[PDB]
file run-v2.cif (mmCIF, C-alpha atoms)
data_entry
#
loop_
_atom_site.label_atom_id
_atom_site.label_comp_id
_atom_site.auth_asym_id
_atom_site.auth_seq_id
_atom_site.Cartn_x
_atom_site.Cartn_y
_atom_site.Cartn_z
CA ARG A 1684 -64.21 43.64 -20.19
CA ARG A 1685 -63.91 42.12 -23.65
CA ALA A 1686 -65.36 45.28 -25.16
CA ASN A 1687 -62.62 47.28 -23.51
CA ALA A 1688 -60.04 44.67 -24.43
CA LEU A 1689 -60.11 44.96 -28.20
CA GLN A 1690 -60.01 48.75 -27.84
CA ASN A 1691 -56.52 48.25 -26.45
CA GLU A 1692 -55.72 46.15 -29.52
CA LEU A 1693 -57.13 48.69 -31.98
CA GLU A 1694 -55.14 51.66 -30.72
CA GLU A 1695 -52.15 49.33 -30.74
CA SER A 1696 -52.90 48.35 -34.33
CA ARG A 1697 -53.78 51.88 -35.48
CA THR A 1698 -50.29 53.01 -34.51
CA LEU A 1699 -48.94 50.07 -36.49
CA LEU A 1700 -51.29 50.87 -39.36
CA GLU A 1701 -49.98 54.42 -39.55
CA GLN A 1702 -46.43 53.08 -39.34
CA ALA A 1703 -46.57 51.49 -42.77
CA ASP A 1704 -48.34 54.63 -43.99
CA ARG A 1705 -45.10 56.42 -43.19
CA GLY A 1706 -43.38 53.46 -44.80
CA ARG A 1707 -44.78 53.29 -48.31
CA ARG A 1708 -44.97 57.05 -48.81
CA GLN A 1709 -41.21 57.22 -48.53
CA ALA A 1710 -40.82 53.85 -50.23
CA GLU A 1711 -42.48 54.85 -53.50
CA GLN A 1712 -40.47 58.05 -53.28
CA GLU A 1713 -37.39 55.86 -53.64
CA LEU A 1714 -39.20 54.42 -56.62
CA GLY A 1715 -40.14 57.96 -57.57
CA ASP A 1716 -36.75 59.64 -57.88
CA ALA A 1717 -35.35 56.52 -59.52
CA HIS A 1718 -38.11 56.37 -62.11
CA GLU A 1719 -37.41 59.99 -62.93
CA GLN A 1720 -33.75 59.08 -63.36
CA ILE A 1721 -34.50 56.17 -65.69
CA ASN A 1722 -35.96 58.78 -68.00
CA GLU A 1723 -32.90 61.00 -67.76
CA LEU A 1724 -30.08 58.53 -68.41
CA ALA A 1725 -32.04 56.73 -71.13
CA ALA A 1726 -32.69 60.00 -72.93
CA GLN A 1727 -28.94 60.54 -72.70
CA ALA A 1728 -28.42 56.96 -73.88
CA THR A 1729 -30.30 57.29 -77.16
CA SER A 1730 -28.72 60.73 -77.61
CA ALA A 1731 -25.19 59.44 -77.16
CA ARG B 1684 -74.02 45.03 -30.09
CA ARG B 1685 -70.77 46.97 -29.73
CA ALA B 1686 -68.71 43.86 -28.99
CA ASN B 1687 -69.41 42.58 -32.46
CA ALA B 1688 -69.31 46.08 -33.90
CA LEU B 1689 -65.66 46.54 -33.10
CA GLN B 1690 -65.05 42.91 -34.00
CA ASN B 1691 -65.61 43.45 -37.71
CA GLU B 1692 -63.60 46.66 -37.93
CA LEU B 1693 -60.56 45.04 -36.35
CA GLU B 1694 -60.98 42.49 -39.12
CA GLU B 1695 -61.32 45.52 -41.38
CA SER B 1696 -58.37 47.45 -39.97
CA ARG B 1697 -55.79 44.68 -40.10
CA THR B 1698 -56.82 43.59 -43.59
CA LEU B 1699 -56.08 47.13 -44.64
CA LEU B 1700 -52.71 46.86 -42.90
CA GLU B 1701 -52.06 43.37 -44.26
CA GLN B 1702 -52.85 44.80 -47.69
CA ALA B 1703 -50.74 47.87 -46.96
CA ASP B 1704 -47.42 46.20 -46.19
CA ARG B 1705 -47.98 44.02 -49.22
CA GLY B 1706 -47.76 47.30 -51.09
CA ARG B 1707 -44.33 47.94 -49.65
CA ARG B 1708 -42.97 44.61 -50.87
CA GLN B 1709 -44.50 45.57 -54.21
CA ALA B 1710 -42.43 48.75 -54.01
CA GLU B 1711 -39.12 47.34 -52.81
CA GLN B 1712 -38.97 44.59 -55.40
CA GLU B 1713 -39.59 47.26 -58.03
CA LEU B 1714 -36.61 49.12 -56.62
CA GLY B 1715 -34.80 45.87 -57.27
CA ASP B 1716 -36.21 45.99 -60.79
CA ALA B 1717 -34.98 49.54 -61.31
CA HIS B 1718 -31.55 49.10 -59.73
CA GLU B 1719 -30.59 46.35 -62.13
CA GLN B 1720 -31.98 48.49 -64.95
CA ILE B 1721 -30.03 51.58 -63.90
CA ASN B 1722 -26.90 49.44 -63.90
CA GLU B 1723 -27.30 47.85 -67.33
CA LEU B 1724 -28.43 51.02 -69.07
CA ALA B 1725 -25.48 52.94 -67.66
CA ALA B 1726 -23.14 50.19 -68.86
CA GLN B 1727 -24.28 50.92 -72.39
CA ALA B 1728 -24.09 54.64 -71.69
CA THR B 1729 -20.56 54.67 -70.30
CA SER B 1730 -19.19 52.81 -73.33
CA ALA B 1731 -20.75 55.35 -75.67
#
call {"tool": "encode", "arguments": {"input": "run-v2.cif", "output": "structure tokens"}}
result
Amino acid sequence: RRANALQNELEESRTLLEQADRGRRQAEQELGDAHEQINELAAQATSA
Amino acid sequence: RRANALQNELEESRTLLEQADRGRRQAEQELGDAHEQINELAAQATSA
């Protein structure tokens, strides 16, 4: 009964573990498009 | 045998998750690092 108990916890946690996997992949994308833009304005900044 | 065998991997799964969401706070504070940078660099760029 304990061996079936933690199985209920794991499939609970695996869904939570894949939740942050959908979190950081869009989170660094918000870092990603910004860090592309910090190239673009700064190249304009030394040009201006 | 199994009851300890899933015991370690739950301690392995969550410590991946507890290391995963630490990555997101690493990301979001860097978005805070970029957003102040995209403000101050533009403030030079708009005056030019």
call {"tool": "atom_distance", "arguments": {"input": "run-v2.cif", "atom1": "atom CA of residue B:1707", "atom2": "atom CA of residue A:1707"}}
result
5.5 Å
call {"tool": "resolve_selection", "arguments": {"input": "run-v2.cif", "expression": "the PyMOL selection byres ((chain A) within 7 of (chain B))", "output": "ChimeraX atom specification"}}
result
/A:1686,1693,1700,1703,1707,1710-1711,1714,1721,1728,1731
call {"tool": "calpha_fit_and_write", "arguments": {"input": "run-v2.cif", "fixed": "chain B", "moving": "chain A", "output": "compact mmCIF listing (two decimals) with C-alpha atoms, in the coordinates of the input"}}
result
# COMPACT_ATOMS: atom_id res chain seq x y z
CA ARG A 1684 -72.07 45.36 -27.87
CA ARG A 1685 -69.56 48.13 -28.52
CA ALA A 1686 -66.75 45.81 -27.48
CA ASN A 1687 -67.86 43.34 -30.10
CA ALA A 1688 -68.41 46.11 -32.61
CA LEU A 1689 -64.86 47.33 -33.05
CA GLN A 1690 -63.73 43.71 -33.33
CA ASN A 1691 -65.69 43.64 -36.58
CA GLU A 1692 -63.83 46.78 -37.64
CA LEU A 1693 -60.40 45.41 -36.72
CA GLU A 1694 -60.67 42.19 -38.71
CA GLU A 1695 -61.99 44.36 -41.52
CA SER A 1696 -59.00 46.67 -41.19
CA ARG A 1697 -56.45 43.88 -40.68
CA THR A 1698 -57.39 42.48 -44.08
CA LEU A 1699 -56.93 45.97 -45.49
CA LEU A 1700 -53.67 46.35 -43.59
CA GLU A 1701 -52.30 43.17 -45.13
CA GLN A 1702 -53.53 44.34 -48.53
CA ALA A 1703 -51.00 47.15 -48.74
CA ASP A 1704 -48.42 44.73 -47.34
CA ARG A 1705 -48.91 42.79 -50.55
CA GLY A 1706 -48.85 46.16 -52.28
CA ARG A 1707 -45.52 47.69 -51.34
CA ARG A 1708 -43.57 44.43 -51.45
CA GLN A 1709 -44.30 44.18 -55.14
CA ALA A 1710 -44.12 47.95 -55.54
CA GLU A 1711 -40.52 48.31 -54.38
CA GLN A 1712 -39.76 45.30 -56.54
CA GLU A 1713 -40.73 47.47 -59.50
CA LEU A 1714 -38.32 49.96 -58.01
CA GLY A 1715 -35.94 47.07 -57.42
CA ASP A 1716 -35.49 45.67 -60.92
CA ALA A 1717 -35.42 49.19 -62.32
CA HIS A 1718 -32.72 50.34 -59.92
CA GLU A 1719 -30.67 47.34 -60.94
CA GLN A 1720 -31.16 48.36 -64.56
CA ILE A 1721 -30.06 51.95 -63.94
CA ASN A 1722 -26.73 50.46 -62.96
CA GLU A 1723 -26.53 48.34 -66.09
CA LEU A 1724 -27.30 50.88 -68.82
CA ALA A 1725 -25.25 53.60 -67.12
CA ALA A 1726 -22.24 51.30 -66.91
CA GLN A 1727 -22.78 50.73 -70.63
CA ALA A 1728 -23.17 54.49 -71.07
CA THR A 1729 -19.79 55.47 -69.66
CA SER A 1730 -18.27 52.49 -71.49
CA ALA A 1731 -19.69 53.52 -74.85
